[PDB]
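All remarks here apply to the structure that follows.
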Amino acid sequence: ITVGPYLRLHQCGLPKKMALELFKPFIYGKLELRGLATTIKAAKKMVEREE
Amino acid sequence: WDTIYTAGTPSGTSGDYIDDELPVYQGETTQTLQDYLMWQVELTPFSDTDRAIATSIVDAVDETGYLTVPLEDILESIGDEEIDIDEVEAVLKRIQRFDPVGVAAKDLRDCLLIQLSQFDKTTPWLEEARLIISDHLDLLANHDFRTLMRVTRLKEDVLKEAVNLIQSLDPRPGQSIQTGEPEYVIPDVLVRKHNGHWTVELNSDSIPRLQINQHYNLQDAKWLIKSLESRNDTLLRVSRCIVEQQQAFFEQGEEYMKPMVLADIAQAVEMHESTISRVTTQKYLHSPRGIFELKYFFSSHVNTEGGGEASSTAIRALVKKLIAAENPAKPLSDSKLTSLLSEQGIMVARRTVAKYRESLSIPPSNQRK
Amino acid sequence: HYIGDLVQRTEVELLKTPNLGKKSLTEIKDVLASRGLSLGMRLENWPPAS
């Protein structure tokens with residue numbers, strides 16, 4: 001943990017690599033929802049490549 | 001003195017093992033090919049019947065990714081009489097596009113066509129390769145290139161490009177998912193040349209720490225202590241007899257192994273045949289030639305015209321040597337082989353030579369040209 | 001008209017529609033499965049100004 005003096009009381013700062021790992025099925029669902037990926041494996045590959 | 005190793009792999013552990021209490025073993029889970037396939041099945045918009053069909057289908061996929069039962073078996077295994085075979089075919093088609101593409105294929109032609117169906121239409125030599133795989137796939141197996149050229153009605157260069165594209169595909173798509181790690185074997189007896197003669201010695205990887213708990217019961221374990229000694233003694237004696245009788249196999253390789261049986265070793269070591277059959281099973285020796293199971297040195301025999309006996313392994317090695325140096329323009333039939341081994345004093349039949357060739361996995365004469 | 005419109009249709013809707021039997025629905029699912037597609041998918045902000 002480090003300090004963020006600019007934050008508001010309801011906010012925290014999260015690294016985006018941790019967030020990418022933690023929110024993965026949500027990302028799969030959103031990728032399939034908007035037509036970017038037609039199957040689960042396509043979304044898996046897209047997340048692996050970090051496009 | 002026992003040889004001290006001049007090199008090694010430094011041990012992976014880098015800790016001081018300070019903690020005096022550690023938990024019991026539990027293990028982990030592994031993801032095989034079928035685990036991955038079922039994980040993909042669940043996240044697919046199937047139906048209840050479709051999911052049942054997919055479960056039955058994935059049950060039948062083997063390690064290489066090939067379906068192992070006909071679709072009729074799956075349809076019977078479903079257990080519902082309203083379901084036809086076209087639904088099973090549709091579910092199979094949907095499954096075959098899971099990662100890796102081509103998995104759960106009926107045969108090689110089907111897998112290759114499935115893989116080619118995914119390439120974009122702008123790939124240059126797509127139609128030609130598709131035609132080759134679909135229509136004439138065994139003329140390629142014969143490496144003919146002329147009758148295939150007479151049927152496909154094509155020039156040389158197009159055929160070469162199509163063949164190169166075909167051979168760039170994956171014949172075993174399901175081997176990509178590697179859940180396994182190469183396991184090995186630990187030799188139990190080591191054979192080394194001392195004073196020009198081969199002598200055996202037990203491997204020192206075992207646990208020889210002879211200890212008792214006199215602090216407090218150990219009478220039963222006192223018997224196990226000497227049971228281990230008996231096991232070591234019998235293993236050492238049997239291996240020593242085997243090596244003493246086979247002094248020429250190590251020096252000159254095969255083609256010189258003697259035709260021994262369990263009864264010979266039983267008479268030599270003064271033990272029953274069953275004990276010999278038990279000791280010399282799933283136990284290995286390491287030699288400068290390789291690792292061999294003790295059972296490898298027992299073999300059959302055939303009559304020799306000179307008055308002796310010839311081991312079957314020697315005849316197999318001679319067949320291998322003769323076939324390896326046959327005429328490339330016109331290979332050797334087993335009738336020729338039985339003649340060549342006849343003049344050497346080996347009196348074997350022809351069907352026996354064919355059986356030996358089959359066991360070595362060597363194609364017939366017509367397929368070796 | 002398009003594959004995107006067909007893919008969103010579910011199996012029950014295409015079963016209740018007239019003139020479409022079980023064989024035709026199975027053939028539609030078969031030609032879709034040949035390309036790694038399935039009925040019952042969901043898409044957002046379709047059509048994209050055709």
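Letters A, B, ... mark the chains of the structure tokens in the order given; residue numbers begin at 1 per chain; ligand numbers begin at 1, in order shown.
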
Up to 7 Å from chain C, what residues of chain A turn up? Count only C-alpha atoms and give them as a list in words.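 The complete set of qualifying residues is residues 33, 34 and 35 of chain A.
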
Exercise: residue C:29 partners within 7 Å, only C-alpha atoms, chain neighbours under 3 positions left out, as number ranges by chain: B: 90; C: 25-26, 32-33, 38

Taking 5 positions as the minimum chain separation for residues in the same chain, which residues sit within 12 Å of residue A:15 when counting only C-alpha atoms? Answer as a ChimeraX atom specification. /A:1-2,20-22

Write the residues of the preceding selection, restricted to N, CA and C atoms, as a PDB file, in the first residue's frame.
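Below is the file again-v1.pdb, written as the result:
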```
ATOM      1  N   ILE A   1       0.836  -1.195   0.000  1.00  0.00           N
ATOM      2  CA  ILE A   1       0.000   0.000   0.000  1.00  0.00           C
ATOM      3  C   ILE A   1       0.873   1.247   0.000  1.00  0.00           C
ATOM      4  N   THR A   2       0.501   2.215  -0.829  1.00  0.00           N
ATOM      5  CA  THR A   2       1.061   3.558  -0.825  1.00  0.00           C
ATOM      6  C   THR A   2      -0.050   4.549  -0.494  1.00  0.00           C
ATOM      7  N   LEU A  20      -7.204  -6.493 -14.004  1.00  0.00           N
ATOM      8  CA  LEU A  20      -7.389  -7.356 -15.163  1.00  0.00           C
ATOM      9  C   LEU A  20      -7.500  -8.812 -14.745  1.00  0.00           C
ATOM     10  N   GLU A  21      -6.722  -9.222 -13.744  1.00  0.00           N
ATOM     11  CA  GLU A  21      -6.806 -10.610 -13.297  1.00  0.00           C
ATOM     12  C   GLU A  21      -8.069 -10.875 -12.480  1.00  0.00           C
ATOM     13  N   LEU A  22      -8.476  -9.922 -11.639  1.00  0.00           N
ATOM     14  CA  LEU A  22      -9.588 -10.147 -10.719  1.00  0.00           C
ATOM     15  C   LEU A  22     -10.939 -10.145 -11.421  1.00  0.00           C
TER      16      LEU A  22
END
```

Closest of A:42, A:3, A:14, A:47 to chain B - atom-to-atom distances counting only C-alpha atoms: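 Of A:42, A:3, A:14, A:47, the one nearest chain B is A:42, counting only C-alpha atoms.
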
At a cut-off of 12 Å, which residues of chain B touch chain C? Count only C-alpha atoms and give the answer as a ChimeraX atom specification. /B:43-48,50,82-99,101-102,113-120

Next, dump the selected residues to file, keeping only N, CA, C and O atoms, as a compact mmCIF listing (two decimals), in the first residue's frame.
```
# COMPACT_ATOMS: atom_id res chain seq x y z
N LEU B 43 -19.90 -23.30 -20.95
CA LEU B 43 -20.04 -21.90 -21.32
C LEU B 43 -20.58 -21.71 -22.73
O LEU B 43 -20.40 -20.63 -23.31
N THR B 44 -21.24 -22.72 -23.29
CA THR B 44 -21.79 -22.66 -24.64
C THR B 44 -23.31 -22.72 -24.59
O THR B 44 -23.86 -23.55 -23.85
N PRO B 45 -24.02 -21.87 -25.34
CA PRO B 45 -25.48 -21.91 -25.29
C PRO B 45 -26.07 -23.16 -25.93
O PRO B 45 -26.61 -23.11 -27.04
N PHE B 46 -25.98 -24.28 -25.23
CA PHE B 46 -26.60 -25.53 -25.63
C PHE B 46 -28.02 -25.60 -25.06
O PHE B 46 -28.56 -24.62 -24.55
N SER B 47 -28.63 -26.77 -25.15
CA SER B 47 -29.87 -27.09 -24.45
C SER B 47 -29.59 -28.26 -23.50
O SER B 47 -28.46 -28.72 -23.37
N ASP B 48 -30.64 -28.74 -22.84
CA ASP B 48 -30.47 -29.88 -21.94
C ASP B 48 -30.08 -31.13 -22.71
O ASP B 48 -29.11 -31.82 -22.36
N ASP B 50 -28.85 -31.16 -25.77
CA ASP B 50 -27.56 -30.88 -26.39
C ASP B 50 -26.43 -31.04 -25.38
O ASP B 50 -25.37 -31.57 -25.72
N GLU B 82 -36.70 -40.32 -28.85
CA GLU B 82 -37.09 -39.25 -29.76
C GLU B 82 -35.91 -38.68 -30.54
O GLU B 82 -36.09 -38.18 -31.65
N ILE B 83 -34.71 -38.79 -29.99
CA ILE B 83 -33.53 -38.15 -30.56
C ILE B 83 -33.06 -38.95 -31.78
O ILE B 83 -32.93 -40.17 -31.72
N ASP B 84 -32.81 -38.24 -32.88
CA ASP B 84 -32.30 -38.85 -34.10
C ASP B 84 -30.78 -38.75 -34.13
O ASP B 84 -30.13 -38.39 -33.14
N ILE B 85 -30.19 -39.07 -35.28
CA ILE B 85 -28.73 -39.02 -35.43
C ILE B 85 -28.24 -37.68 -35.94
O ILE B 85 -27.08 -37.31 -35.69
N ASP B 86 -29.08 -36.91 -36.64
CA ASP B 86 -28.65 -35.62 -37.16
C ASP B 86 -28.40 -34.61 -36.04
O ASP B 86 -27.51 -33.76 -36.17
N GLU B 87 -29.16 -34.69 -34.95
CA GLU B 87 -28.88 -33.85 -33.79
C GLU B 87 -27.51 -34.16 -33.21
O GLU B 87 -26.75 -33.25 -32.85
N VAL B 88 -27.18 -35.45 -33.11
CA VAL B 88 -25.85 -35.84 -32.64
C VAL B 88 -24.78 -35.30 -33.57
O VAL B 88 -23.73 -34.82 -33.12
N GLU B 89 -25.02 -35.37 -34.88
CA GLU B 89 -24.05 -34.84 -35.83
C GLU B 89 -23.86 -33.34 -35.67
O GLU B 89 -22.73 -32.84 -35.74
N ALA B 90 -24.95 -32.60 -35.45
CA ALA B 90 -24.84 -31.16 -35.25
C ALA B 90 -24.06 -30.82 -33.99
O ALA B 90 -23.21 -29.92 -33.99
N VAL B 91 -24.34 -31.53 -32.89
CA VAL B 91 -23.62 -31.28 -31.65
C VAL B 91 -22.14 -31.61 -31.81
O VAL B 91 -21.26 -30.90 -31.31
N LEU B 92 -21.84 -32.70 -32.52
CA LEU B 92 -20.44 -33.06 -32.78
C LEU B 92 -19.74 -31.99 -33.61
O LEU B 92 -18.59 -31.64 -33.34
N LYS B 93 -20.43 -31.47 -34.63
CA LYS B 93 -19.84 -30.40 -35.44
C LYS B 93 -19.54 -29.18 -34.59
O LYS B 93 -18.49 -28.55 -34.75
N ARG B 94 -20.46 -28.81 -33.69
CA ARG B 94 -20.21 -27.67 -32.82
C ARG B 94 -19.03 -27.93 -31.89
O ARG B 94 -18.21 -27.03 -31.65
N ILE B 95 -18.93 -29.14 -31.35
CA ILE B 95 -17.83 -29.46 -30.43
C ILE B 95 -16.49 -29.43 -31.15
O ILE B 95 -15.48 -29.00 -30.58
N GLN B 96 -16.46 -29.85 -32.41
CA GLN B 96 -15.20 -29.97 -33.13
C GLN B 96 -14.50 -28.64 -33.36
O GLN B 96 -13.34 -28.63 -33.76
N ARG B 97 -15.18 -27.52 -33.14
CA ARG B 97 -14.57 -26.20 -33.29
C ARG B 97 -14.09 -25.62 -31.96
O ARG B 97 -13.65 -24.47 -31.94
N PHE B 98 -14.17 -26.37 -30.87
CA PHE B 98 -13.58 -25.94 -29.62
C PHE B 98 -12.06 -25.89 -29.75
O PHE B 98 -11.47 -26.46 -30.67
N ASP B 99 -11.43 -25.19 -28.82
CA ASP B 99 -9.98 -25.16 -28.80
C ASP B 99 -9.45 -26.44 -28.17
O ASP B 99 -9.87 -26.80 -27.07
N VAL B 101 -8.78 -26.65 -32.44
CA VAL B 101 -9.62 -26.99 -33.58
C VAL B 101 -9.19 -28.32 -34.16
O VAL B 101 -8.00 -28.62 -34.27
N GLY B 102 -10.17 -29.14 -34.53
CA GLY B 102 -9.94 -30.48 -35.03
C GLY B 102 -10.08 -31.57 -33.99
O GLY B 102 -10.00 -32.75 -34.35
N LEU B 113 -9.74 -31.78 -42.81
CA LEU B 113 -10.76 -30.93 -43.42
C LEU B 113 -11.30 -29.91 -42.43
O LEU B 113 -11.55 -28.75 -42.79
N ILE B 114 -11.49 -30.31 -41.17
CA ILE B 114 -11.95 -29.37 -40.15
C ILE B 114 -10.95 -28.24 -39.98
O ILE B 114 -11.33 -27.07 -39.90
N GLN B 115 -9.66 -28.57 -39.92
CA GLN B 115 -8.65 -27.53 -39.77
C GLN B 115 -8.61 -26.61 -40.98
O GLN B 115 -8.44 -25.40 -40.84
N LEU B 116 -8.78 -27.17 -42.19
CA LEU B 116 -8.75 -26.34 -43.39
C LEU B 116 -10.00 -25.47 -43.50
O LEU B 116 -9.95 -24.41 -44.15
N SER B 117 -11.11 -25.88 -42.90
CA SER B 117 -12.33 -25.09 -42.98
C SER B 117 -12.23 -23.76 -42.24
O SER B 117 -13.06 -22.88 -42.46
N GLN B 118 -11.23 -23.60 -41.37
CA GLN B 118 -11.11 -22.39 -40.57
C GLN B 118 -10.25 -21.32 -41.22
O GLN B 118 -10.39 -20.14 -40.88
N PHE B 119 -9.36 -21.69 -42.13
CA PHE B 119 -8.52 -20.71 -42.80
C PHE B 119 -9.37 -19.79 -43.67
O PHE B 119 -10.36 -20.21 -44.26
N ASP B 120 -8.97 -18.52 -43.74
CA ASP B 120 -9.67 -17.56 -44.58
C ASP B 120 -9.54 -17.95 -46.05
O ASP B 120 -8.59 -18.61 -46.46
```

What is the atom CA of residue C:50 to atom CA of residue A:32 distance in Å?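 Value for the atom CA of residue C:50-atom CA of residue A:32 distance: 20.1 Å.
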
Using only C-alpha atoms, which residues of chain A come within 8 Å of chain B, and what is the closest atom pair for each, with the distance in Å to one decimal? Give it as a tab-separated table, sorted by chain and residue number.
```
residue	atom	partner	partner_atom	distance
A:39	CA	B:44	CA	7.9
A:40	CA	B:43	CA	7.2
A:41	CA	B:99	CA	6.7
```

Check the smallest atom-to-atom distance from each of B:181, B:363, B:328, B:345 to residue B:308 using only C-alpha atoms, then report the winner.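 Between B:181, B:363, B:328, B:345, the residue approaching residue B:308 most closely is B:345.
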
From chain C, collect each residue whose DSSP state is alpha helix (DSSP H) and return the set as a PyMOL selection string. chain C and resi 3-8+11-16+22-33

Using only C-alpha atoms, which of B:22, B:151, B:112, B:139 sits nearest residue B:167?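 Among the listed residues, the smallest separation from residue B:167 belongs to B:112.
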
Can you tell me, as a list in words, what residues are no more than 9 Å from residue B:303 when counting only C-alpha atoms, ignoring any on the same chain fewer than 2 positions away?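 Everything that qualifies: residues 301, 305, 306, 307, 308, 309, 310, 345, 346, 347 and 348 of chain B.
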
Find the spatial neighbours of stretch 229-231 of chain B, counting only C-alpha atoms, within a cut-off of 12 Å - ignore same-chain residues fewer than 2 positions away - and output them as a VMD selection string. chain B and resid 202 207 to 208 210 222 to 227 233 to 238 275 278 to 279

Using N, CA and C atoms, can you export the residues from the last selection as a PDB file, in the first residue's frame?
```pdb
ATOM      1  N   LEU B 202      24.454 -53.132  -6.137  1.00  0.00           N
ATOM      2  CA  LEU B 202      23.182 -52.489  -5.844  1.00  0.00           C
ATOM      3  C   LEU B 202      23.316 -50.972  -5.874  1.00  0.00           C
ATOM      4  N   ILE B 207      17.407 -46.600   1.377  1.00  0.00           N
ATOM      5  CA  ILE B 207      17.506 -46.094   2.743  1.00  0.00           C
ATOM      6  C   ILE B 207      18.107 -47.180   3.626  1.00  0.00           C
ATOM      7  N   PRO B 208      19.416 -47.155   3.869  1.00  0.00           N
ATOM      8  CA  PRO B 208      20.051 -48.158   4.735  1.00  0.00           C
ATOM      9  C   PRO B 208      20.183 -47.754   6.196  1.00  0.00           C
ATOM     10  N   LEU B 210      19.772 -48.149   9.528  1.00  0.00           N
ATOM     11  CA  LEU B 210      19.289 -49.155  10.473  1.00  0.00           C
ATOM     12  C   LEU B 210      19.212 -48.507  11.849  1.00  0.00           C
ATOM     13  N   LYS B 222      11.817 -55.567  14.020  1.00  0.00           N
ATOM     14  CA  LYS B 222      13.060 -56.326  13.925  1.00  0.00           C
ATOM     15  C   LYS B 222      12.976 -57.399  12.847  1.00  0.00           C
ATOM     16  N   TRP B 223      11.786 -57.964  12.627  1.00  0.00           N
ATOM     17  CA  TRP B 223      11.618 -58.960  11.573  1.00  0.00           C
ATOM     18  C   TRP B 223      11.614 -58.312  10.193  1.00  0.00           C
ATOM     19  N   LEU B 224      10.996 -57.136  10.066  1.00  0.00           N
ATOM     20  CA  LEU B 224      11.035 -56.415   8.798  1.00  0.00           C
ATOM     21  C   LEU B 224      12.458 -56.020   8.431  1.00  0.00           C
ATOM     22  N   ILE B 225      13.289 -55.734   9.437  1.00  0.00           N
ATOM     23  CA  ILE B 225      14.681 -55.367   9.181  1.00  0.00           C
ATOM     24  C   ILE B 225      15.380 -56.457   8.376  1.00  0.00           C
ATOM     25  N   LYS B 226      15.237 -57.713   8.800  1.00  0.00           N
ATOM     26  CA  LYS B 226      15.853 -58.816   8.076  1.00  0.00           C
ATOM     27  C   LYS B 226      15.060 -59.243   6.848  1.00  0.00           C
ATOM     28  N   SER B 227      13.765 -58.922   6.783  1.00  0.00           N
ATOM     29  CA  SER B 227      13.032 -59.117   5.536  1.00  0.00           C
ATOM     30  C   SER B 227      13.621 -58.261   4.420  1.00  0.00           C
ATOM     31  N   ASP B 233      19.332 -59.525  -0.710  1.00  0.00           N
ATOM     32  CA  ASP B 233      20.161 -60.677  -1.044  1.00  0.00           C
ATOM     33  C   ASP B 233      19.635 -61.402  -2.275  1.00  0.00           C
ATOM     34  N   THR B 234      18.324 -61.658  -2.323  1.00  0.00           N
ATOM     35  CA  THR B 234      17.788 -62.392  -3.465  1.00  0.00           C
ATOM     36  C   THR B 234      17.900 -61.573  -4.747  1.00  0.00           C
ATOM     37  N   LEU B 235      17.631 -60.264  -4.677  1.00  0.00           N
ATOM     38  CA  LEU B 235      17.774 -59.431  -5.867  1.00  0.00           C
ATOM     39  C   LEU B 235      19.212 -59.437  -6.366  1.00  0.00           C
ATOM     40  N   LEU B 236      20.169 -59.281  -5.448  1.00  0.00           N
ATOM     41  CA  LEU B 236      21.570 -59.245  -5.843  1.00  0.00           C
ATOM     42  C   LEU B 236      22.004 -60.568  -6.459  1.00  0.00           C
ATOM     43  N   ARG B 237      21.597 -61.690  -5.860  1.00  0.00           N
ATOM     44  CA  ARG B 237      21.998 -62.986  -6.399  1.00  0.00           C
ATOM     45  C   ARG B 237      21.414 -63.219  -7.787  1.00  0.00           C
ATOM     46  N   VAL B 238      20.127 -62.911  -7.975  1.00  0.00           N
ATOM     47  CA  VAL B 238      19.508 -63.150  -9.276  1.00  0.00           C
ATOM     48  C   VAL B 238      20.150 -62.273 -10.343  1.00  0.00           C
ATOM     49  N   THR B 275       9.541 -67.596  -7.545  1.00  0.00           N
ATOM     50  CA  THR B 275      10.316 -66.522  -6.930  1.00  0.00           C
ATOM     51  C   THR B 275      11.132 -65.765  -7.970  1.00  0.00           C
ATOM     52  N   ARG B 278       8.936 -63.528  -9.816  1.00  0.00           N
ATOM     53  CA  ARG B 278       8.498 -62.376  -9.036  1.00  0.00           C
ATOM     54  C   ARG B 278       9.591 -61.321  -8.913  1.00  0.00           C
ATOM     55  N   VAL B 279      10.830 -61.739  -8.651  1.00  0.00           N
ATOM     56  CA  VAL B 279      11.917 -60.779  -8.480  1.00  0.00           C
ATOM     57  C   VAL B 279      12.189 -60.037  -9.783  1.00  0.00           C
TER      58      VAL B 279
END
```

Spatial neighbours of residue B:70, max dist 12 Å, only C-alpha atoms, sep filter under 4 positions, as a VMD selection string: chain B and resid 56 to 57 60 to 61 66 74 to 77 85 88 to 89 92 104 to 107

Pick from A:43, A:48, A:6, A:16: nearest to residue A:30, with only C-alpha atoms counted?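 Looking at the shortest contact to residue A:30, the residue is A:43.
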